[PDB]
Structure formats: C-alpha cells, structure tokens
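Chemist: Sharing entry.cif here; it has mmCIF, C-alpha atoms and all ligand atoms.
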```
data_coords
loop_
_atom_site.label_atom_id
_atom_site.label_comp_id
_atom_site.auth_asym_id
_atom_site.auth_seq_id
_atom_site.Cartn_x
_atom_site.Cartn_y
_atom_site.Cartn_z
CA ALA D 1 2.69 4.16 -18.75
CA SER D 2 -0.97 3.61 -17.71
CA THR D 3 -2.55 1.40 -15.02
CA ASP D 4 -3.73 -2.03 -16.17
CA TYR D 5 -4.78 -3.61 -12.82
CA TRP D 6 -7.86 -3.31 -10.60
CA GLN D 7 -7.48 -4.59 -7.02
CA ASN D 8 -10.74 -5.12 -5.13
CA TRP D 9 -10.72 -7.55 -2.24
CA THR D 10 -12.84 -7.80 0.91
CA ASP D 11 -13.06 -10.42 3.66
CA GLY D 12 -16.84 -9.87 3.43
CA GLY D 13 -17.20 -7.82 6.65
CA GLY D 14 -19.34 -4.67 6.43
CA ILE D 15 -19.94 -2.63 3.27
CA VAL D 16 -17.17 -2.01 0.77
CA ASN D 17 -18.61 0.03 -2.15
CA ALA D 18 -15.69 0.11 -4.61
CA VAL D 19 -15.97 1.75 -8.05
CA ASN D 20 -13.54 0.99 -10.86
CA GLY D 21 -13.52 4.41 -12.55
CA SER D 22 -12.16 5.44 -15.92
CA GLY D 23 -8.42 5.31 -16.47
CA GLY D 24 -6.49 5.09 -13.21
CA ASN D 25 -9.33 6.40 -11.01
CA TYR D 26 -11.21 4.52 -8.31
CA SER D 27 -13.35 5.32 -5.26
CA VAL D 28 -14.35 3.41 -2.13
CA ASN D 29 -17.10 4.18 0.38
CA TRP D 30 -16.97 1.70 3.23
CA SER D 31 -18.91 1.10 6.46
CA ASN D 32 -18.13 -0.94 9.61
CA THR D 33 -15.76 -3.26 7.74
CA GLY D 34 -13.52 -6.22 8.26
CA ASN D 35 -10.31 -6.08 6.19
CA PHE D 36 -10.37 -4.90 2.54
CA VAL D 37 -7.88 -3.69 -0.06
CA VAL D 38 -8.94 -1.64 -3.09
CA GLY D 39 -6.68 0.11 -5.59
CA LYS D 40 -5.36 0.64 -9.08
CA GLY D 41 -1.97 0.04 -10.50
CA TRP D 42 -0.02 -2.48 -12.52
CA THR D 43 -0.22 -6.21 -13.03
CA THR D 44 3.57 -6.51 -13.01
CA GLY D 45 5.27 -4.29 -10.46
CA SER D 46 8.72 -2.80 -11.07
CA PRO D 47 11.36 -1.61 -8.56
CA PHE D 48 11.99 1.34 -10.92
CA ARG D 49 8.42 2.62 -11.29
CA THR D 50 7.46 6.13 -10.24
CA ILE D 51 3.86 5.96 -9.03
CA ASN D 52 1.85 9.17 -9.49
CA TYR D 53 -1.40 9.67 -7.63
CA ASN D 54 -3.84 12.31 -6.58
CA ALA D 55 -6.15 11.45 -3.68
CA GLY D 56 -8.99 13.91 -4.23
CA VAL D 57 -10.65 12.32 -1.19
CA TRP D 58 -8.99 10.74 1.80
CA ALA D 59 -11.51 10.49 4.64
CA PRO D 60 -11.06 7.39 6.83
CA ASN D 61 -13.05 7.12 10.04
CA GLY D 62 -10.99 4.54 11.88
CA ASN D 63 -8.18 2.38 10.55
CA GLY D 64 -7.52 2.99 6.86
CA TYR D 65 -4.22 3.28 4.98
CA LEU D 66 -3.50 5.26 1.80
CA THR D 67 -0.56 3.23 0.60
CA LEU D 68 1.42 1.67 -2.18
CA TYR D 69 0.65 -2.03 -1.92
CA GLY D 70 2.32 -4.84 -3.79
CA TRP D 71 3.97 -8.22 -3.75
CA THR D 72 6.89 -10.21 -5.00
CA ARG D 73 7.35 -13.97 -5.21
CA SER D 74 10.58 -16.04 -4.97
CA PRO D 75 10.48 -15.29 -2.15
CA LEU D 76 7.00 -14.12 -1.35
CA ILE D 77 7.18 -10.64 0.19
CA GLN D 78 4.50 -7.95 0.65
CA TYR D 79 5.47 -4.30 0.69
CA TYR D 80 3.81 -1.04 1.65
CA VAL D 81 4.63 2.64 1.26
CA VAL D 82 2.09 4.33 3.55
CA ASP D 83 1.50 8.04 2.85
CA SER D 84 -1.54 8.57 5.09
CA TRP D 85 -3.79 6.79 7.53
CA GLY D 86 -6.77 7.22 9.87
CA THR D 87 -6.75 6.40 13.60
CA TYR D 88 -3.79 4.00 13.48
CA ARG D 89 -0.23 4.50 12.26
CA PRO D 90 1.14 1.05 11.28
CA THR D 91 4.50 0.13 12.83
CA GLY D 92 6.64 -2.94 13.41
CA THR D 93 10.37 -3.68 13.97
CA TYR D 94 12.23 -0.40 13.42
CA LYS D 95 14.94 -0.63 10.76
CA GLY D 96 15.83 2.97 9.87
CA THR D 97 14.40 5.85 7.76
CA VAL D 98 14.22 6.91 4.13
CA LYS D 99 13.68 10.28 2.57
CA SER D 100 11.66 10.37 -0.64
CA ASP D 101 9.24 12.68 -2.46
CA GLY D 102 9.37 15.46 0.09
CA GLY D 103 8.71 13.17 3.07
CA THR D 104 10.56 11.07 5.62
CA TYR D 105 9.48 7.47 6.20
CA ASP D 106 10.23 5.05 8.99
CA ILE D 107 11.21 1.58 7.76
CA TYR D 108 9.71 -1.43 9.52
CA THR D 109 9.44 -5.16 9.08
CA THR D 110 6.60 -7.36 10.27
CA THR D 111 5.43 -10.94 9.86
CA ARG D 112 1.62 -11.38 9.79
CA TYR D 113 -0.03 -14.81 10.24
CA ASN D 114 -3.32 -15.34 8.45
CA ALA D 115 -2.56 -12.33 6.28
CA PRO D 116 -4.31 -11.79 2.95
CA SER D 117 -2.25 -13.35 0.14
CA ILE D 118 -1.70 -12.03 -3.37
CA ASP D 119 -5.08 -13.36 -4.54
CA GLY D 120 -7.06 -12.73 -1.32
CA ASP D 121 -6.60 -16.20 0.19
CA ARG D 122 -4.37 -16.29 3.29
CA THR D 123 -0.62 -16.75 3.95
CA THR D 124 2.06 -16.03 6.54
CA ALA D 125 3.28 -12.72 5.06
CA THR D 126 6.77 -11.24 5.40
CA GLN D 127 6.05 -7.50 5.10
CA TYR D 128 8.30 -4.55 4.36
CA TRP D 129 7.03 -1.07 5.29
CA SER D 130 7.91 2.53 4.67
CA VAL D 131 5.54 4.59 6.79
CA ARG D 132 5.53 8.38 6.48
CA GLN D 133 6.38 10.07 9.79
CA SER D 134 3.41 12.42 9.36
CA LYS D 135 0.36 12.14 7.14
CA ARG D 136 1.02 13.31 3.62
CA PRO D 137 -1.19 16.22 2.40
CA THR D 138 -3.73 15.00 -0.17
CA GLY D 139 -5.54 16.60 -3.11
CA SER D 140 -2.46 17.57 -5.14
CA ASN D 141 -0.44 15.41 -7.48
CA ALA D 142 1.93 13.20 -5.47
CA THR D 143 4.81 10.95 -6.41
CA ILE D 144 6.20 7.78 -4.87
CA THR D 145 9.66 7.22 -6.31
CA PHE D 146 9.62 3.55 -5.45
CA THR D 147 13.30 2.90 -6.22
CA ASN D 148 14.21 5.10 -3.21
CA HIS D 149 12.29 2.71 -1.00
CA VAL D 150 13.63 -0.45 -2.68
CA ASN D 151 17.20 0.80 -2.36
CA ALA D 152 16.75 1.80 1.30
CA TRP D 153 15.18 -1.55 2.15
CA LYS D 154 18.00 -3.42 0.38
CA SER D 155 20.61 -1.41 2.28
CA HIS D 156 18.88 -2.50 5.56
CA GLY D 157 18.99 -6.18 4.56
CA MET D 158 15.39 -6.23 3.25
CA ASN D 159 15.56 -7.79 -0.23
CA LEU D 160 12.49 -8.31 -2.43
CA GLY D 161 11.74 -11.35 -4.58
CA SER D 162 12.82 -11.86 -8.18
CA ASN D 163 9.23 -12.31 -9.50
CA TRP D 164 6.91 -9.26 -9.47
CA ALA D 165 3.18 -9.45 -8.86
CA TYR D 166 0.85 -6.44 -8.84
CA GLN D 167 1.72 -2.98 -7.58
CA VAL D 168 -1.15 -0.68 -6.67
CA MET D 169 -1.98 2.57 -4.95
CA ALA D 170 -4.52 1.27 -2.46
CA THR D 171 -7.03 2.06 0.22
CA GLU D 172 -6.75 -0.63 2.84
CA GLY D 173 -9.14 -0.59 5.84
CA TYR D 174 -9.92 -2.65 8.96
CA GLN D 175 -12.81 -2.16 11.45
CA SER D 176 -13.59 1.22 9.99
CA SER D 177 -15.80 3.38 7.78
CA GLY D 178 -14.76 6.04 5.27
CA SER D 179 -14.42 7.47 1.77
CA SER D 180 -11.51 7.67 -0.65
CA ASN D 181 -11.16 8.74 -4.26
CA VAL D 182 -7.76 8.29 -5.90
CA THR D 183 -6.39 8.55 -9.44
CA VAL D 184 -3.19 6.58 -10.22
CA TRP D 185 -0.78 6.90 -13.15
ZN ZN L 1 19.28 3.61 6.11
ZN ZN L 2 -4.95 -18.45 -3.61
#
```
Have the structure of the file written as structure tokens, please.
Modeler:
Amino acid sequence: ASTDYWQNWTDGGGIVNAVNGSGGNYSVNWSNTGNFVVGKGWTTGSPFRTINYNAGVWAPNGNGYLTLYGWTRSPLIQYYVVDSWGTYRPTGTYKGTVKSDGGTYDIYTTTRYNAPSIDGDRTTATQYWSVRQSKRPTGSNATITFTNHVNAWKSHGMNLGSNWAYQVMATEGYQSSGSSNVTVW
C-alpha cells in the first residue's frame, strides 16, 4: 500500500539537497546543517502498518538518524523508531526494551522544548523512542513492524494520540554532513 507523503523540512542551516524520487525513493546530500527532516511515507499513519525500507546509502558524518518518524494528535505525541545513526545515539528516560524485526530496541521518553512541530513550526514535543541497541545493517530490505513498538510503548504507559498525522521513514540530521538514499514501501 504505497507511500503518498513527502517530508522535506529544514531550519535553513547549511545545505540540505533533498530529492523526491520516483515511488517511495528519496535521497539527501547535506552539508554543515542545522536541523532537518526528510523522508517518505504516509499522510495518515497507522499503528498496524508494516514499514518496508531499503537504505541503499546511509552515510552520515556527524549526527544523523535513520528512523521512522511520525506524529499523533489528541494528544500531540512524536514518535521515533531509530534503526541507525551517525556520531550520536539518541537516548532519554529509560523505560524498557522491545524486540522487533531481528533487533532489540531501548525504549525512551523525552520532552523537547522548541522542537519542530508536525508542520515544521515549533512546539513542546512529548517524544516516544525505540532506539536500536546497535546500528542496523543497511542495503538489504528491512521491516519495521510498528505494532510491536506501539504495543510495547502502551505496556510501559506510553499511549499515542487518537488522531494520526504522517508516518515516514526519515533521515533526520543536526550539525552534520552526509548522504542517504532510501526507498520506502
Ligand atoms: Zn516491556
Ligand atoms: Zn504550524
């Protein structure tokens, strides 16, 4: 059930060369950036979606995340499933672990002031994280069975909102350079 959403946001710092490729493909080549989020996915996320991707390039030089990225409203909550990163492994308040798709993820919560909002304005964001304990190998087809994460979060008292905004497989960077090329389906 194909992607229908193109995410491309930058704070304006540095160079963020994002290409919206055919189908579910995109690429980013970025240099000395502020914060940016680029990805492909769906306009209306679902807690039951299996996200398929293949990162044919994952080459951050500094802080970049290769991550599921989405939001709910009512209440407003941002969520991440981070499969790989660059020089920084994102963490927060430790909640527990979840096993999914061949990997083990630590579960964290954070609250970020002046965080990017759904539309690239700002907000105080309540964030739920699953962060893989080691960087996922890239270049082969990969699955994120998102219901495993949703169910794990719920069991640890982390409930999502009733209204679903977009749900993308993203490259997020901060204060970094790099290259990524990802196809999502
Ligand atoms: Zn648990
Ligand atoms: Zn806004």
Chemist: One decimal, in Å: what's the spacing between atom CA of residue D:10 and atom CA of residue D:105?
Modeler: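 Atom CA of residue D:10 sits 27.6 Å away from atom CA of residue D:105.
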Chemist: Within 9 Å of ligand ZN 2 (chain L), counting all atoms listed in the file, which protein or nucleic acid residues do you find, written as number ranges by chain?
Modeler: D: 117-123
Chemist: Rounded to one decimal, what separation in Å do you get between atom CA of residue D:140 and atom CA of residue D:17?
Modeler: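 Taking atom CA of residue D:140 as the start and atom CA of residue D:17 as the end point, the length is 24.0 Å.
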Chemist: Leaving out stretch 143-151 of chain D and any residue of its chain fewer than 5 positions from it, which residues lie within 9 Å of it when counting all atoms listed in the file, given as a short mmCIF file (atom, residue, chain, number, x, y, z; two decimals) with C-alpha atoms, in the frame of the given file?
Modeler:
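Saved to around-v9.cif:
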```
data_model
loop_
_atom_site.label_atom_id
_atom_site.label_comp_id
_atom_site.auth_asym_id
_atom_site.auth_seq_id
_atom_site.Cartn_x
_atom_site.Cartn_y
_atom_site.Cartn_z
CA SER D 46 8.72 -2.80 -11.07
CA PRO D 47 11.36 -1.61 -8.56
CA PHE D 48 11.99 1.34 -10.92
CA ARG D 49 8.42 2.62 -11.29
CA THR D 50 7.46 6.13 -10.24
CA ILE D 51 3.86 5.96 -9.03
CA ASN D 52 1.85 9.17 -9.49
CA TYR D 53 -1.40 9.67 -7.63
CA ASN D 54 -3.84 12.31 -6.58
CA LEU D 68 1.42 1.67 -2.18
CA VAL D 81 4.63 2.64 1.26
CA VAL D 98 14.22 6.91 4.13
CA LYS D 99 13.68 10.28 2.57
CA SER D 100 11.66 10.37 -0.64
CA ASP D 101 9.24 12.68 -2.46
CA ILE D 107 11.21 1.58 7.76
CA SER D 130 7.91 2.53 4.67
CA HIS D 156 18.88 -2.50 5.56
CA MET D 158 15.39 -6.23 3.25
CA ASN D 159 15.56 -7.79 -0.23
CA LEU D 160 12.49 -8.31 -2.43
#
```
Chemist: Could you list, as a compact mmCIF listing (two decimals) with C-alpha atoms, keeping the file's coordinate frame, all residues that come within 8 Å of ligand ZN 1 (chain L)? Count only C-alpha atoms and all ligand atoms.
Modeler:
```txt
# COMPACT_ATOMS: atom_id res chain seq x y z
CA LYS D 95 14.94 -0.63 10.76
CA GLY D 96 15.83 2.97 9.87
CA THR D 97 14.40 5.85 7.76
CA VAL D 98 14.22 6.91 4.13
CA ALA D 152 16.75 1.80 1.30
CA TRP D 153 15.18 -1.55 2.15
CA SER D 155 20.61 -1.41 2.28
CA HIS D 156 18.88 -2.50 5.56
```
Chemist: At a cut-off of 6 Å, using only C-alpha atoms, what residues contact residue D:108? Leave out same-chain residues fewer than 6 positions from it and give the result as a ChimeraX atom specification.
Modeler: /D:92-95,129
Chemist: Find, counting all atoms listed in the file, the residue in D:1, D:77, D:55, D:15 that gets nearest to residue D:126.
Modeler: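 Closest to residue D:126, using all atoms listed in the file: D:77.
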Chemist: Could you state the separation of atom CA of residue D:72 and atom CA of residue D:41 in Å, given to one decimal place?
Modeler: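 Result for atom CA of residue D:72 versus atom CA of residue D:41: 14.6 Å, one decimal.
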Chemist: Of the candidates D:163, D:32, D:7, D:181, which shows the shortest atom-to-atom distance to residue D:71, using only C-alpha atoms?
Modeler: D:163
Chemist: With distances taken over only C-alpha atoms, which of D:3, D:44, D:29, D:109 is nearest to residue D:169?
Modeler: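 Under the stated criterion, the closest residue is D:3.
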Chemist: Given the choices D:167, D:179, D:104, D:111, which gets closest to residue D:40 if the distance is worked out from all atoms listed in the file?
Modeler: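 The closest residue to residue D:40 is D:167.
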Chemist: Considering all atoms listed in the file, can you say which of D:113, D:6, D:26, D:174 comes closest to residue D:90?
Modeler: D:174
Chemist: Identify which of the residues D:110, D:74, D:20, D:84 lies closest to residue D:131, counting only C-alpha atoms when measuring atom-to-atom distances.
Modeler: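 Looking only at the distances to residue D:131, the closest residue turns out to be D:84.
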Chemist: Please put the answer as JSON: centre and edge lengths, in Å with one decimal, of a box along x, y and z that encloses all listed atoms of stretch 146-154 of chain D plus 6 Å on each side.
Modeler:
```
{"center_x": 13.8, "center_y": 0.8, "center_z": -2.0, "size_x": 20.4, "size_y": 20.5, "size_z": 20.4}
```
Chemist: Can you complete the atoms of stretch 71-94 of chain D to N, CA and C atoms and list them as a PDB file, in the coordinates of the input?
Modeler:
```
ATOM      1  N   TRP D  71       3.350  -6.974  -4.114  1.00  0.00           N
ATOM      2  CA  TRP D  71       3.970  -8.220  -3.750  1.00  0.00           C
ATOM      3  C   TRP D  71       5.063  -8.612  -4.730  1.00  0.00           C
ATOM      4  N   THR D  72       6.016  -9.376  -4.182  1.00  0.00           N
ATOM      5  CA  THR D  72       6.890 -10.210  -5.000  1.00  0.00           C
ATOM      6  C   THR D  72       6.702 -11.667  -4.591  1.00  0.00           C
ATOM      7  N   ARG D  73       7.139 -12.554  -5.481  1.00  0.00           N
ATOM      8  CA  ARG D  73       7.350 -13.970  -5.210  1.00  0.00           C
ATOM      9  C   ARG D  73       8.832 -14.331  -5.396  1.00  0.00           C
ATOM     10  N   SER D  74       9.219 -15.510  -4.885  1.00  0.00           N
ATOM     11  CA  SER D  74      10.580 -16.040  -4.970  1.00  0.00           C
ATOM     12  C   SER D  74      11.603 -15.105  -4.330  1.00  0.00           C
ATOM     13  N   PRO D  75      11.547 -14.810  -3.015  1.00  0.00           N
ATOM     14  CA  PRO D  75      10.480 -15.290  -2.150  1.00  0.00           C
ATOM     15  C   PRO D  75       9.291 -14.333  -2.101  1.00  0.00           C
ATOM     16  N   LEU D  76       8.234 -14.847  -1.494  1.00  0.00           N
ATOM     17  CA  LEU D  76       7.000 -14.120  -1.350  1.00  0.00           C
ATOM     18  C   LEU D  76       7.228 -13.031  -0.300  1.00  0.00           C
ATOM     19  N   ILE D  77       7.051 -11.779  -0.719  1.00  0.00           N
ATOM     20  CA  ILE D  77       7.180 -10.640   0.190  1.00  0.00           C
ATOM     21  C   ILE D  77       6.106  -9.613  -0.196  1.00  0.00           C
ATOM     22  N   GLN D  78       5.448  -9.049   0.824  1.00  0.00           N
ATOM     23  CA  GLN D  78       4.500  -7.950   0.650  1.00  0.00           C
ATOM     24  C   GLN D  78       5.183  -6.659   1.067  1.00  0.00           C
ATOM     25  N   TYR D  79       4.872  -5.567   0.351  1.00  0.00           N
ATOM     26  CA  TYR D  79       5.470  -4.300   0.690  1.00  0.00           C
ATOM     27  C   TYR D  79       4.378  -3.222   0.659  1.00  0.00           C
ATOM     28  N   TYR D  80       4.621  -2.221   1.499  1.00  0.00           N
ATOM     29  CA  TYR D  80       3.810  -1.040   1.650  1.00  0.00           C
ATOM     30  C   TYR D  80       4.663   0.214   1.655  1.00  0.00           C
ATOM     31  N   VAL D  81       4.158   1.276   1.010  1.00  0.00           N
ATOM     32  CA  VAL D  81       4.630   2.640   1.260  1.00  0.00           C
ATOM     33  C   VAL D  81       3.418   3.439   1.695  1.00  0.00           C
ATOM     34  N   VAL D  82       3.292   3.714   2.997  1.00  0.00           N
ATOM     35  CA  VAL D  82       2.090   4.330   3.550  1.00  0.00           C
ATOM     36  C   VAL D  82       2.269   5.844   3.620  1.00  0.00           C
ATOM     37  N   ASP D  83       1.446   6.580   2.874  1.00  0.00           N
ATOM     38  CA  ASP D  83       1.500   8.040   2.850  1.00  0.00           C
ATOM     39  C   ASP D  83       0.517   8.701   3.818  1.00  0.00           C
ATOM     40  N   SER D  84      -0.630   8.060   4.086  1.00  0.00           N
ATOM     41  CA  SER D  84      -1.540   8.570   5.090  1.00  0.00           C
ATOM     42  C   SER D  84      -2.323   7.413   5.701  1.00  0.00           C
ATOM     43  N   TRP D  85      -3.021   7.739   6.767  1.00  0.00           N
ATOM     44  CA  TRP D  85      -3.790   6.790   7.530  1.00  0.00           C
ATOM     45  C   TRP D  85      -4.929   7.520   8.223  1.00  0.00           C
ATOM     46  N   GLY D  86      -5.619   6.783   9.107  1.00  0.00           N
ATOM     47  CA  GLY D  86      -6.770   7.220   9.870  1.00  0.00           C
ATOM     48  C   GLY D  86      -6.383   7.264  11.340  1.00  0.00           C
ATOM     49  N   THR D  87      -6.949   6.360  12.149  1.00  0.00           N
ATOM     50  CA  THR D  87      -6.750   6.400  13.600  1.00  0.00           C
ATOM     51  C   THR D  87      -5.532   5.594  14.041  1.00  0.00           C
ATOM     52  N   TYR D  88      -4.894   4.866  13.111  1.00  0.00           N
ATOM     53  CA  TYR D  88      -3.790   4.000  13.480  1.00  0.00           C
ATOM     54  C   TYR D  88      -2.632   4.113  12.481  1.00  0.00           C
ATOM     55  N   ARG D  89      -1.459   4.403  13.042  1.00  0.00           N
ATOM     56  CA  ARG D  89      -0.230   4.500  12.260  1.00  0.00           C
ATOM     57  C   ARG D  89       0.429   3.136  12.332  1.00  0.00           C
ATOM     58  N   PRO D  90       0.590   2.407  11.210  1.00  0.00           N
ATOM     59  CA  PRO D  90       1.140   1.050  11.280  1.00  0.00           C
ATOM     60  C   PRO D  90       2.644   1.074  11.558  1.00  0.00           C
ATOM     61  N   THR D  91       3.105   0.193  12.450  1.00  0.00           N
ATOM     62  CA  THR D  91       4.500   0.130  12.830  1.00  0.00           C
ATOM     63  C   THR D  91       4.865  -1.344  12.921  1.00  0.00           C
ATOM     64  N   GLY D  92       6.112  -1.605  13.240  1.00  0.00           N
ATOM     65  CA  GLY D  92       6.640  -2.940  13.410  1.00  0.00           C
ATOM     66  C   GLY D  92       8.066  -2.810  13.945  1.00  0.00           C
ATOM     67  N   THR D  93       8.976  -3.728  13.560  1.00  0.00           N
ATOM     68  CA  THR D  93      10.370  -3.680  13.970  1.00  0.00           C
ATOM     69  C   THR D  93      11.053  -2.531  13.244  1.00  0.00           C
ATOM     70  N   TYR D  94      11.603  -1.578  13.996  1.00  0.00           N
ATOM     71  CA  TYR D  94      12.230  -0.400  13.420  1.00  0.00           C
ATOM     72  C   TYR D  94      13.589  -0.699  12.792  1.00  0.00           C
TER      73      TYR D  94
END
```
